[PDB]
Structure formats: structure tokens, C-alpha cells
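Going down the list, the protein sequences come from chains A, B, C, D and E.
Numbering-wise, the first sequence is residues 397 to 790, 815 to 1121 according to the authors' numbering.
Numbering-wise, the second sequence is residues 2 to 124 according to the authors' numbering.
Numbering-wise, the third sequence is residues 279 to 289, 304 to 873 according to the authors' numbering.
Numbering-wise, the fourth sequence is residues 67 to 132 according to the authors' numbering.
Numbering-wise, the fifth sequence is residues 71 to 209 according to the authors' numbering.
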Amino acid sequence: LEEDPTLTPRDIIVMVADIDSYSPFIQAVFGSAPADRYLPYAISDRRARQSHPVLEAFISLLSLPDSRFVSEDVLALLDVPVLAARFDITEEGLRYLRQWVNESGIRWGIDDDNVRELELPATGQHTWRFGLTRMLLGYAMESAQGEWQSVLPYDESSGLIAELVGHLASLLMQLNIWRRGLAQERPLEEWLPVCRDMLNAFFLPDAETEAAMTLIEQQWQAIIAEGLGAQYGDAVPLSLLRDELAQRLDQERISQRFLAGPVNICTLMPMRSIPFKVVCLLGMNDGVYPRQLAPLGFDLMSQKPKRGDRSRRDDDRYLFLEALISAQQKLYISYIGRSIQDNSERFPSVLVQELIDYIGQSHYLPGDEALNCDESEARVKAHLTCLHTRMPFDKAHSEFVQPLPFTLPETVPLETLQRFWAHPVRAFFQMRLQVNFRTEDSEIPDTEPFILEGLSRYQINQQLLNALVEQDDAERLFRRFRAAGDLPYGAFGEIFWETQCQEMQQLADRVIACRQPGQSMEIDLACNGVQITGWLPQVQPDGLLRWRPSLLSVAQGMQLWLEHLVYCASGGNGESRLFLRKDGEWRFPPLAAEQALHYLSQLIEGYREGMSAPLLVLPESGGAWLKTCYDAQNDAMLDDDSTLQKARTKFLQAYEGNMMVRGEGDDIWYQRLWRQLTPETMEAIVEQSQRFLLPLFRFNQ
Amino acid sequence: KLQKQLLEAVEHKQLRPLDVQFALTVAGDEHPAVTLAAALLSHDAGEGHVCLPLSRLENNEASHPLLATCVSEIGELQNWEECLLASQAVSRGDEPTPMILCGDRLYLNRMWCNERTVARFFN
Amino acid sequence: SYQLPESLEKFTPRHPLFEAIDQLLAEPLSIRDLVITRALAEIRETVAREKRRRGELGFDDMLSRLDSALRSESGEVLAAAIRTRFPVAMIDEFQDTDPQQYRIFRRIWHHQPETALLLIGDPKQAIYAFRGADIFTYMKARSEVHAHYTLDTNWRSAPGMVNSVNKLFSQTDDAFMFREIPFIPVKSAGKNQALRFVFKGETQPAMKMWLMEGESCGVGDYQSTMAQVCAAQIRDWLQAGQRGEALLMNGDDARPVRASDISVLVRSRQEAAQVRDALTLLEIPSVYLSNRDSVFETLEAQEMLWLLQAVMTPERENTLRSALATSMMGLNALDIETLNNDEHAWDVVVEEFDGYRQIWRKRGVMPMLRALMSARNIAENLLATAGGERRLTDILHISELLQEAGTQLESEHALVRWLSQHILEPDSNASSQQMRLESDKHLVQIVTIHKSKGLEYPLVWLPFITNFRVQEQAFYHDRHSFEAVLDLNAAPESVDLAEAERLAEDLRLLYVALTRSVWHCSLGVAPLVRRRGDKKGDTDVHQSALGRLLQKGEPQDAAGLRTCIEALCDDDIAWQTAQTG
Amino acid sequence: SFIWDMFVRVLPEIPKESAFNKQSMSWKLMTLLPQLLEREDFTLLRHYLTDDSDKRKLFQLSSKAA
Amino acid sequence: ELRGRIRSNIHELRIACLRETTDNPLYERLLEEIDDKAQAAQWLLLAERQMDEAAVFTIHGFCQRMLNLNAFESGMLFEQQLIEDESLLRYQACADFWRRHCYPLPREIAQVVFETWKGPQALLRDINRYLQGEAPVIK
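Have a look at this one:
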């Protein structure tokens, strides 16, 4: 259109072999066209999508009684704004509904009668009735008293936001009543008002909705009118009418904007031939054109081919020639040549192959005018064919770290240092420049929990342990978690409980063997002219004793190290200990107050530099590199070249993950800084680890 | 029973569907007097009431022939104290039960903790 | 343990309890033998019944339906129409067939002349044992058919390579552990006899083993020495051929060696990190073509999720600075620090998303992914930054993946829920895999055996041909009826039959691996032992595939293996020792 | 429609629409087929339908026959 | 690829038959074996234009095109919607079984069950490899 001066967009037409799969790309590019290069379009024969969520929701309601009613499907129904307005559901309360149905434990079907209908054993829990009972007893009373009819109260709803509970309850009794109603076979004369009853019972009409309601009512009336006028009397089930409605509803199409004025996109209608100057075609690969529709099998016309018969194959073969002869100036024929995945070969259709063969056997290029007929044919075929490429495109980013100014306040909290030192790489992001990666809330689990893993079982172990150190009962707490629905059904809960309690007993008795009554204390001490304020909770007067049901890690032990440093800064003679699983133990001896303040000064300057620029302190891989290299007998640094490959092996095998442990390199905080680990940054990390973490093994015992 | 009548009353907007849910889920198939009592106490709780004398709810009879429908159970049910205490959904303050009655007043049990601590604070 | 009655001279039974105790011990006690069968019947029954109420269909169900229609009484009538319609049948790649399919073919075309049947396949290259393909049905077919023919020409490889691969498999007769797969010699072509591979003048042997030094060795040594050695030789070839030293000529028309004409063949995936690291330590571009990883695994999906979430909810400062803090926007510490304190420049970025969200609602998915691509101009950023094309292509692939959901779904909550839904599940769909970032120029290819079928290569290596893994799961075919019978209890005879079948499969893999090398290919070998005590004189090489070719089922050691190697070492095969260099 | 209009204009005593339509014979065959079954010539349809049916196969056959 | 190679072969054979002089020895020996060049050329002309519907399939496509041709004996539906994600269906079915055959079991019986494996996920992972294809005979 730039090359030719005047050509109306009314006088360009592009046909296509298949319309529905091709349409999203056409619509996307023609809606994403730029400003100056814009030209309008008019797509014809689009699939009829007038009120798509309303139609899909009504079809889902008409498919009611054969569904197990997953909570995901229930909320995918509930998202409709018309239903939300009718059942007075708000978008701000929708988040509360999401988190409450995710966390309150509503996973299986609607009710235990449906569960028994599906011949399964009656679990008696994990239903919508169970979840509503949980929610309403949480509304009534707190979760500290216990259980009233062996179901756990749910204290997340105790205010004025509880109206959505009754809203959802009314919705589910309406669903239950219509589930009961829509199962039995009925004749047509009382199948007639069912659609009207459904429409008025569920949907409040909006300004736009009446078109969809009229479509549904007209289709229902037409179907049962055909049935009644065809004189049928026996009852029919709901499934046949549901699939007939679903097939007939989307069979409507749009042929109302054929000559709007812009460029037109449409499929090849039969016998349609209009003169035009520009005609373009798409998708002439083998096996897609012409579309092959086999005869049904019992046909008798195909056995006796007479003159007036019509075949789709010959219809397409005639339409191609009619489209060719219906062109005046230009023709644009293209096809998919090579598969983009494996770079294999595909082939164009037989019609296009015949056309290019006739073209090649028709003319000759002006260059080699008398060389050879077949060589000239091959040259013409090579010259006419155009070959595109795979990708359209056939300052740089700088290093992210930059120095920053920072001040040193005279009064700093202990919790600030603890949060910085827990993980400095992410601590540079999460508090300094106020960026954090607030991940979206997770999925609702599909079914009841069979086994327990991760943070849930960690919390269960912690709640078992804080009672085991008190040596209180486990049976009531087991009943409370069974009412919570966080345990497997039946005696498997007791089987799990036996293993957990017997495994935690060996951790518990070690804490009992040295537990002493202690007290909390408030740190008010200065270092390098900087006052430090903090609260030290539950410190025994004769030392330290911490415990936590976790595996041993260097970052875990360094918390105890900092605890012992701040304990020795406030006088505080005596050793310190920490207990973990598998009887892992840590031991730190007391030292001089000046030495403790010197180490605290080193950590303070480390924090001061790390706040200005994100200092690289890897707590576990660097510790794995630095531990075996260090020898405890000499308290010095071995530097033999034999260990210079063992250190590489163990550091790499600790950094990159195994198939059983989560990859330490698989963390977006580290992935943001670089894409690939480099040996220079490795050496820098080794240097920082040797500069900072090395006092730990000097006093670990 | 009373489910269609109280849905009609929800359409009348006199009693909230939340009150309907609370009464249904803590009554089930218990005494109809207990069902109406739960519905009315949930209604005044949604209003914002803190106390609920038994005489006021007894002589209200807002929606139904209370006496002529309630007299179906064993013995003299007009002695409403243990007539309610026969049901499992109420207790005098011994078990973790949502419904507690102390001073011929029936109300919520967290509200019972608050009301009894302020009642022993007052008198 | 001592209830064997023979132990009188070891450590008379005189009572029957001392031998009934061993009678009790001879039968293992478990419930798995019952529960596996009881679940296996009902799972298939429940799936086949549940598919009826939805009316869907499957590839497994369709062939079973056709077989059942044959099993009905009208099979003669149903087969007569097929015989009339198609009086011929041709089958390519016959090595992947099931007894169901062979039953169909046999029933339709085992009789009724004027109708023929031509089967074309190979007993070798049958490497789809886990793809539902049985090898024993081929021998079952060959026990009924009685016409056998074999081609001779090759058209591809060097005559010396053909002679060497004939000689090395001509060691022992019926070497495939089966009397039904006899390997016969084949000849080369008369036009490829001028193919030579020279190295500083004189030519080079086509086939060549490399061997460890030591009485005993392990898998760690097998990886660590040989990966370094292979990388060293590949580097030597790469450095030599760039100066016209080594050439590949067919007669006189020669060319140097490049990266594209050098590849390697391996067994599995977990080993490949060692090979890739050892290759890139000498600064060599390596790409792993065998990966079928989903694009949703990479960080591009995370950044797209964050961008869509921030453009859906542009209100809070935290969720917007989360999107601007991503690597693809390409900012720095000073950039973010100036962005925090400048309220006007902050509000400009706030206000552009206000209109961008309206454009999102009006236009769908794709045009906004085009518009935010064009507006920040990050195409030239990733073109300037090295290695950014891999990060760039995944965004366009994700955008093309989103269009099949952006039309069938309309709610903006649904799509951002859908993305996080597929984040936690890497589905193995063919459209979910990664496209090739640069399949256009000269690189080094690392591919596995299973994808190596039919692809020709000039030169190729083979480091891991000695290693093997013993099967332990009870699954075997009968030696006469050829029925796949499964045994619940551990029967050592069935275990041995399964091990023999597995060894046959490994030898088929070796035959697959020692093809498609027109000039030259090479491999290494080790006297690795799976036993714990090393110096017992009983090596475990013959347990593997290649060990049977040299030891013929003999417990040997380094000296005997060395003599067996150099017994047949003559001017086409050349042996060499390998030092850790 | 034009030929139908010519029919109405010329030939008398014919309604504006016939009782032979693509949906009419669906329910007509629905009614007729179980009554017409077992006539010693519908053994193929008997083998098709009489094994198990909730009129889905019958409906499909009715539409195809229409 | 096979269809395209076939079309190229028949086209080249037709041209070589009309020119009576070939270069490939295979076509040379075929032209030596030609009885009637005009009849052969006529058959190739009438066969090349019928290529678009020629019978080349996979196994699934072959049985799909055969049953919809003659489905009276099968008794299957004319039109169906295919599916591929049957793994989730099998995962639902095995857990459905594991609900009914483990929950009413007593503690002493269920202890041995808990010993050998814990969850229906691992139960499916153990026995998945025999579910597809033909069920095997159990000794």
C-alpha cells in the first residue's frame, strides 16, 4: 500500500482455510498495529461469543448432578459479577472467602449424602457442611476451649464480616435443592418451565443480560416446541437436552459485517466469487487443504455417482480455481514450509505444487535464455520462491551493584542485626530499598491430607515439643489436631503420632536433663560508640540453653554465636548450648569482654559495609568450603594443593542441589545478582567467608 | 418445618439469613422452641444486643404461635430453664457450649464470659 | 539359619520341627501380592467406566475396542470388508509392535490369497521397551512367516569402518543371546572408498578404544579421568583443524573440522553436567539438545507473573517497585534510589500503568505484551547484553502460550491464577518445551541415544559405554509362548531371564551407538568392578554389554583384557593407553 | 424458498411449511424405532442398541437418518 | 516426508517415461521393463491427481478412520472428543480405591500396610508402569 499510490482498503480481501484457530493471531496483530501503520479490519464468521461467562455458567448449572463439586469449580462459578451482585458478594470480601475456603479445610464434595451416593465410606468431615460448621462455631466461640461436637472452632471470623458466611450458605442450599430437583426424568410439558425457574431463581437481570436471557429462553422454547409439535409423550432425561442445547447455542455465527469497508477476513464460502484486485491465501500445507470428510458409511449416493451429486473435495477444488480467476492484479500464496520445533520438513498442497510446476514449465528467466528447458525450469522455481527466517530481528545492562551512602545511628536494635545476619543477600533487598517479592496465595488442595510434610508438620512437631518439655499429655492435643483435620483418617493418625512422639522423646529428654529456671533480660551496651538496645528472652542464670526441631546448619549455629557474644558483653560467664534433631549439639565457651566487644565491632563494621554495598556472605556453601580446609589442631590455615580440589568438589556439591535437597542456587535472591556462578565471585565469597565466619570453628566444641 | 417460613421471613427482611444459618446449624432437628430461641438470640446479636431476658422473648411471639407450636415435648415445658437444658445445644457454663444461660438470660458464650465478668464486677 | 538338616557334618534331623521351620521360612509373608492385583483390576475398571459418562475417548481404548469387535462373533464379516477395501498392507519400523496389533494383522491377513502382506523392520534398533513395544512379538511373527531377505550396501560410511564393525561383532556366533537374531556381514559402497581422515599427513584408524590404568577403578574415576581426556582430545582437534592441519577429504576435496562436525553420545541426563562442565572449562560452547524442559521452570515465567500482577494492581508502591526491580527492566541501585525519592517521576510510572490496565481490559492479552515490550525498548537491551537472546525468546514463547487461554478465559483473576497453577506443575506437553535459541550456526551438540536414531554425524565420541545398571524388577517373557507374564514372588529363574533380556537390550543399544559415523568414531573402556573387595581376580566387565564381546563370559583382569584387546588389534582397530592428563 | 413461493402461488391446498424437517424426523424416528424393532430386518440396529443405551446412540442414529 | 518423496518419485517417473531416457539406474531398469509407455503414462496421469486422499496413516489414525466407516459391529459413537491427560484420572482413581480399602481396616492389619508404603501417590508410582497397554497374566 505504500508502493502503490491509491488502492482502497475496501478492495483488498484475504481468505483463510481455517478461521477459528487463525483468528486470535490476526486480532492480536491488528489490535497491536502501531499509529501511522494502522489500517482497520473487519473479521467475518467469528464464533458467537455474546455473553460468554453467563452462557458457560448456565451450562455448568445444567450439568449439576453428575459433578463432585470441587471448591475450585464452585469459586470459578462464583466469580461471575451478576451472581456476585445478586447474592450480594463483593470483590473485597472475595479475598476473605478465598483464604477462608483455602485454610478452613473445604476440599471434597458438597455433603456426606452425596459421598455415600458415590458408594464411598462416610468420612464425616472435609465437606462444605463441615467447613460451614467450622466457620459458624468460630463465629460463636474461641478455639481455646476445645470441641463441642468433635469439630474445631475457626477463629478467623468473629466480627461483622461474617455476613458472607450466610450468603454462601443460602447459595449452597439453593444448589442442594436444585441438585435434588434436576435428577429425575420428566416429560416435556413440565420440562418447559424449568429454564424460566432457573433464570429467575439465580440471576438478577442487568442492563446487558436481557439479550442472553432472551437467547436462552428462545432456544429452550424452540427445542421443546419442536419436541411437542413432533408428538412425543415419554419422559426424557436432562443429559440429552443439555448436550442438545450446548450444541445448538454455539452453532450461531455472525455474517453481518461482510462489507463494512476495511479489509475483510473470512473463510471460503461455497460458490462465492467477487472481482477484486488483491487476493491473499494462508495455510496451504499438505493434509489441511482440502479438508477431508469421510462418508458416514451407510450412504447409498456414493455407491451410484450421478451427475448432480456434490462432494466437498471437488467443491474446494472448484473454489480454488474460482478464486484464481477472480483476481485482477496480484496474488499472495503462502504456506508453512518447515516445522519450527525440530527443523524438519513439511510440504505444500498438491494444488500449489501443480501451479508452480505449470509456472516452471511455462516461462524462462531472461538470464539463461537458451541453456536447458529443465535447468531453466529449476532456475525459475528457485527465483520465484522466497524464504523468510525464524526470528524477526535477524545500551547494555551494567553491573547491578553500586556504592551507596549510609549513616551510623548511635542507637540500633538487636533485631535489626539479627534480621540482617539471617540472610544478608536478601536482607539488602527486603529492608534497605523496601522491595520484597510478595508471592500470590497458593492453590486450594485437591483432597484430604494423606501425609504431612514441610511447614505444617514442622508446626506439629514444634507444638509437640513445647508440651514435651512440659511433659503434658499428647492425647488431647492429638484429638485437637484430628478435629483440625490435619491428620490422616482412622488409625493412621495414631500410627503417625507414635512415630513422631517416639522420635521427639530423644530430643526432649536431653533438654530435660539440663533445663534450669531462667529469666528475660534487657541488653543496654555500647560498641564503637554505638549504643545497642535489645531484649534477651528466657536466659538461664548459669548459662544458655536453646532448642529447635530442625537440622543442623551454620546459619543456625551463628545465631547461637551472636547470642553468646551479646551474653558475654553483659558480663555473663558460663558456656552456651543448642539442641537440634539427631542429637546435634553446639558448645561455645565464655571469653573476655574486650574480645567479645572486638568480635562485635568486627560484625558491626561488616554490617556497616554490607548496608552500603551488598556484602556477599554465604552461610552454608562458604562454611562447607572453609570447614574442611581449616584444621582444629593447629588453629591455622592449611593450604595444600591436594585439598584445593576437595574444597571445590564439596563446595560445588553443597551449593548446587541434589535430587533430594532443594537447590541453594535455586533462589531468586541469588538469581537476580547473576545468571551463572563465576570463579572470581567464588574467590570473593571465599575471602569474605574467611574474613567473617572463621571465628566460629575457633571456639566450636 | 419452619425453613420455608423463615425463608419467607428473610424475604420479609425481619430476620437475617445469618440468624437463619446459626439457628439451623445449632438446632438441626431439636425442639422448635429451641430453634426459634436460637433464631431470635442470633437476631438481637446481629442487632448488637448484650442482654436478653427470657420474658421479653417469651411474650414477643413475633412470627409464629409460639406456645401452640412449642407444646409437644415431655412434661411441663413451661418451666423453660430445664426445658432448654434438656437440649444438648445449651449448658449452664460447664462445657464448651455456644449457648449459656445464667440469670434467666440466654446469649452467646464469649458474650457469656464478658457478661458474667462485668456482672460480677457490677453486682 | 541352622535348620538345614545337612548341617550335621557342618556344625540327623531326629524330629520334624527342625525341617518344618525351614518349610515356613521358604515362603515369604506379605500382603502386596494380594493388594497389587486387587487394585490393578479395579483401577482399570473404574477408569473405563468413568470415561463412559463423559463420552470421551483414548488411544488405549480405541485399539481395545477394535480388538473386542474382532473378538465378537462378527469378526469374519468385519474382516471381509477390510479385505475388499485394502488388498495390501505395508508397515514401516516394525520393531515397535504389540501382540494386540500383531493379533489384528495375523487374523486379517494370515489367509485368503489374492491378498498379500509385506512387513519391513529390524530386529536391531528396538529400543522402545518402555514405550509399550515388545521385541518377542517379532520372533513370534518370524516363527510363522518363512521368507527372509537382507540388503548389503551401506552408502554412508568408510569401507574400513564397515570392515571394523563387521569384525568386532563377528567375534562369537549368536552374540545377541538369542538364536533368532544372527548378525551377518555387509559391504560398503564403491564411491566412498576415497574417504579418509588424516592427522598431520598420514591417515587415522577408524575405530579406537581407550583404557584405564590400574588394577581397579570406580565410576568416579571413570567420569573424572575420561571427561577430561575426551575434552582434551576434542580441544586438540579443534585447535589443530583451524590451521589446515587435519582434513576430511573424499579423495582430494578436503575441508577443516569445525564445531558442528563434532558431537558426543551419552546414556542419561544426570551424568551430563560433568561432560558440559569439563567441555566449557576449556572455553568451548556446549548445548544440551536432549532437554525437554518446560519453559515455565525458568525465571521468565516468574517475571511475567510479577509484571501481570503489578499491572493488574498498580496501586501499592511495593507491588510496583517489585516489577520495576526485576532484571528485565534493567535498572541499577542509583536508578532505584532516585526512583524512591522523586515523587513526580514515581507518579509518571504510576500513571502509565493506569492507562495500561485499561488497554489490558480492552484488548486482551497479546497487544499489551507487545506494547510494554516496545515502550521500554528492551529488545536492544538484550541484544546488546551477551547471552540475552535465550532470555528474550522465552518471553515470546510464553506470549504465544498465553493466547490459547486468553480467549477461552476472560476473567483477569483466572489468568493470573492459571499461571501460578502451571508454575507448580511442569507438564510434559510437546508445546511446553523450549525452542532452540540458535540452531543456525556452528556449535557442539550433546545428544542421547534415544534421539540419535536416523541422524547422521561426521564424527562422534562415546565416553560412558562401559557403565551399566543391573535390573531387579520381576518382569519377563516366556521362552515358548512369549507372553508377558508378571511374577509377584521373587523367582531367581525369572530374574535371570529378565537379566538376559536386559543384556540383549543393552547390546541392541550398542549396535545403535556404533553407527552413523561416516569418517570416524571412538570410545573408551574401563575394567570397572561392581564388587566391594577389589583384588579377587573376578572382574565384572562381562556383566555389561561390551564385556561379553571381549571376555566371552570369563572372569578376567587387566592383563587378560589387554591380551584380548591386542589379539584382534590389526591396522583398522588401534588400541591406546590413557593417562590422566 | 422461491420455489416454495411458486408452489403456494400455483398449486393449491399445500401448507406454508411441510412436516418433513431436519429436526422433525429426529423425534419421529425416536418414537418409531423401538416399535419397529424386531422385524427380522433390524438385526444390525438391534446389535447396535439393545446391549445398553440411554437413548444417546438412538438420538445420534435419528439425527443421521434425518 | 514419505508422501512428498512418493509424489516426487512418481512425477519423475512420468517425465522419464515420456522422454524415454533416464539417469537413475532404477528408473532405467523400470523403463526397460515397461510394456506400454502410453498406458503407463495414462495411469500415472490419472494417479498423480488423486494423491491428496491417499492412504498413509498412523495406527491410531487408521483405526479412527476404520471404525467411523464401519461402526455397526463396534457400537461406538460417531463423534467423540479425544483426551490425553489420563494420568490425573488414574491418580484420582487410585486414591478413590485407597479411601475404601484402607479406612475401615483395623489397626493391626493396617500396620503392615503402613510399613511397606505410606501414600496412594507412592502406590500409584509403584504400579503405574503396568496400567497402560495390555494387562499381564499374573503367576
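Yeah, the Cβ is synthetic: ideal placement off N, Cα and C, and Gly gets one too.
How long is the line joining the alpha carbons of residue i and residue j, rounded to whole angstroms?
i                       : j                       : result
residue 117 of chain E  : residue 414 of chain A  : 28 Å
residue 580 of chain A  : residue 633 of chain A  : 7 Å
residue 1055 of chain A : residue 846 of chain C  : 54 Å
residue 618 of chain C  : residue 675 of chain A  : 46 Å
residue 757 of chain A  : residue 773 of chain A  : 6 Å
residue 306 of chain C  : residue 321 of chain C  : 28 Å
residue 918 of chain A  : residue 882 of chain A  : 16 Å
residue 418 of chain A  : residue 658 of chain A  : 19 Å
residue 1025 of chain A : residue 1031 of chain A : 10 Å
residue 889 of chain A  : residue 499 of chain A  : 29 Å
residue 852 of chain A  : residue 1003 of chain A : 38 Å
residue 358 of chain C  : residue 137 of chain E  : 8 Å
residue 125 of chain E  : residue 139 of chain E  : 14 Å
residue 558 of chain C  : residue 550 of chain C  : 21 Å
residue 738 of chain A  : residue 690 of chain C  : 19 Å
Kindly list, in the order they appear in chain A, the residues whose Cβ is closer than 9 Å to that of residue i.
i                      : result
residue 122 of chain D : 635, 636 and 639
residue 281 of chain C : Here the premise fails: no neighbours, minimum Cβ distance about 34 Å.
residue 68 of chain D  : In chain order: nothing, as chain A lies at least about 17 Å away.
Report the neighbours of residue i on chain C: residues whose CB is nearer than 8 Å to its CB, in chain order.
i                      : result
residue 134 of chain E : 354
residue 160 of chain E : 335 and 339
Anything in chain A within Cβ reach of residue i, meaning under 7 Å, just list it in chain order.
i                      : result
residue 97 of chain D  : 628
residue 659 of chain C : 424, 427 and 428
For residue i, which residues in chain E fall below 7 Å Cβ to Cβ?
i                      : result
residue 351 of chain C : 130
residue 117 of chain D : 145
Mind listing the chain A neighbours of residue i? Cutoff is C-beta to C-beta under 8 Å, in chain order.
i                      : result
residue 189 of chain E : 870 and 871
residue 1 of chain B   : With chain B represented from 2 up to 124, any question about residue 1 of chain B goes unanswered, as that position is not in the structure.
Drop a sphere of 10 angstroms on the beta-carbon of residue i, count the other beta-carbons inside from all chains shown, and report buried for 16 or more, exposed for fewer.
i                      : result
residue 449 of chain A : buried
residue 487 of chain A : exposed
residue 880 of chain A : buried
residue 168 of chain E : buried
residue 423 of chain C : exposed
In chain E, which residues lie less than 8 Å from residue i when you measure between Cβ atoms?
i                      : result
residue 485 of chain C : What residue 485 of chain C touches in chain E: nothing, since even the nearest Cβ is about 19 Å away.
Can you name the residues of chain D whose CB is closer than 9 Å to the CB of residue i?
i                      : result
residue 142 of chain E : 110, 111, 113 and 114
residue 57 of chain E  : The displayed coordinates of chain E run from 71 to 209. Any statement about residue 57 of chain E would go beyond what the structure contains.
Which bits of chain C does residue i rub up against, with CB to CB less than 9 Å?
i                      : result
residue 206 of chain E : 767, 775, 776, 777 and 778
residue 475 of chain A : 703, 705 and 706
For a contact meaning CB atoms closer than 7 Å, what does residue i contact in chain D?
i                      : result
residue 692 of chain A : 130
Using a C-beta to C-beta distance shorter than 9 Å, which residues of chain E count as neighbours of residue i?
i                      : result
residue 895 of chain A : The premise fails here: residue 895 of chain A is roughly 16 Å from chain E at the closest Cβ pair, so nothing lies under 9 Å.
Below 7 Å on C-beta distance, what does residue i contact in chain C?
i                      : result
residue 163 of chain E : 335, 338 and 339
Can we say the region 509-520 of chain C touches the region 833-842 of chain C, given the rule of at least three CB pairs closer than 8 Å? No, the region 509-520 of chain C does not touch the region 833-842 of chain C.
Which runs of the alpha helix (DSSP H) at least 4 residues long sit entirely within the region 972-1019 of chain A? Give them in chain order. DSSP runs (the alpha helix (DSSP H)) wholly in the region 972-1019 of chain A: 974-989.
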